[PDB]
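Numbering (the authors' numbering), first residue to last: 1 to 92. Think of the CB as a built atom: it goes at the ideal place given N, C-alpha and C, for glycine as much as any other residue.
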């Protein structure tokens, strides 16, 4: 039989396709900044504001916004009024 050697060296096995994010974060910070100064704001009003405040870069959709806010309320960040659900209230 025969063993023989070769030329080994490269074996990092790296890719680097998705390290960090931002698209699903920039919209989250916008809602916090507004709710901090506005305190109380409706759903549409909050969406129309954030959706318009983040147009210079990309075209965000209420979709991610509705989901992002849904998490804040559970994270003791935002809240809803007893009268209507569409209405929100800062509680952070």
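Bridge partners - residue 89, DSSP secondary structure assignment: As a working mapping, residue 89 is identified with position 89 in the chain shown. According to DSSP, which records beta bridges pairwise, residue 89 is partnered with 40, 79.
Contact set for residue 91: own chain, Cβ-Cβ below 8 Å, skip 5 residues either direction: Here residue 91 refers to the residue found at position 91 of the chain shown. Within the same chain, residue 91 has close Cβ partners 76, 77, 78, 79.
Is the stretch 49–59 in contact with the stretch 9–17, if contact means three or more CB pairs nearer than 8 Å? The stretch 49–59 vs the stretch 9–17: no contact.
Apart from the five residues just before and just after residue 131, which ones in its own chain have a Cβ nearer than 7 Å to its Cβ? It is not possible to answer for residue 131, since the shown part of the chain is limited to 1 through 92.
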